[PDB]
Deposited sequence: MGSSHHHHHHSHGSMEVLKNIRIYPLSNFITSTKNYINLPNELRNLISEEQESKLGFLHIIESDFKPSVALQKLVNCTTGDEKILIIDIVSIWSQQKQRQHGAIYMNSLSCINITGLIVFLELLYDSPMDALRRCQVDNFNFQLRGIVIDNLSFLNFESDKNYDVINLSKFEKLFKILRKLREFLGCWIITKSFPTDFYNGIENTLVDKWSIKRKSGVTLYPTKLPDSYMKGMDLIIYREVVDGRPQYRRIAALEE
């Protein structure tokens, strides 16, 4: 029978085993996604006005144990400052990676030959790459390049299993000095790629979902 040949019986292991890493939301960002969803988080975007990373973002990154590492592409030259460096992180802070063209070239090399790419970050490869962080997307640039960026990050997740966290500034930034350029200005393709988009607005800091 066709019925017999197509019967599929799965071991329970399949449902709790995974080749991918998932983002652990700090309690500052819980109660936004359901349980299952927060168990399947692979791409997270945060919009926040601060130049330096908010507390939530900092907690999203130091999720490091044992041999695990996070690659931080530090376009803003904040995370990799001498006094800010952490043991759980590898840093890309380079004049070859502060525009979207160089960024895309770097990530393409990371996918093709992670060794060659990570040598650019001064890295011993006795570590699992747990996630990649890019701060700050608002300094990049348009849609074709961002589609390309999203596609490469997605391939990186497929191949290496890392989660992806990115940050951008709110619309205020895009207004420009004295409004001469006139809740973030990223292409909807990129944004549609996200699993969870967080928006931090502030007297006090609230984190809403979009």
Relative to the deposited sequence, which regions have no modelled C-alpha positions in the structure? 1-14, 138, 157-166, 208-221, 242-243, 252-256
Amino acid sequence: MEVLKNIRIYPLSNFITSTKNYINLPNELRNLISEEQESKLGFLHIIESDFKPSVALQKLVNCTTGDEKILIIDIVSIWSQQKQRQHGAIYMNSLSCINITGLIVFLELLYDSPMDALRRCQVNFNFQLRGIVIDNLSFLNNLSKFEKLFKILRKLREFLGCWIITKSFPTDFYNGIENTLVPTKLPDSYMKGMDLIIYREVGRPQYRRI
From here on, numbers count along this sequence of modelled residues.
Which is higher on average in the deposited entry, the C-alpha temperature factors of 67-75 or of 131-139? 67-75
Could you check the entry and say whether 26-34 or 152-160 has the higher mean CA B-factor? 26-34
Checking the record values for 44, 60, 177, 182, which has the greatest CA B factor? 182
Please say which third, lowest, middle or highest, residue 124 falls into when its CA temperature factor is compared across its chain. highest
Using the B-factor values recorded in the entry, state whether the Cα atom of residue 168 falls in the lowest, middle or highest third among the modelled residues of its chain. lowest
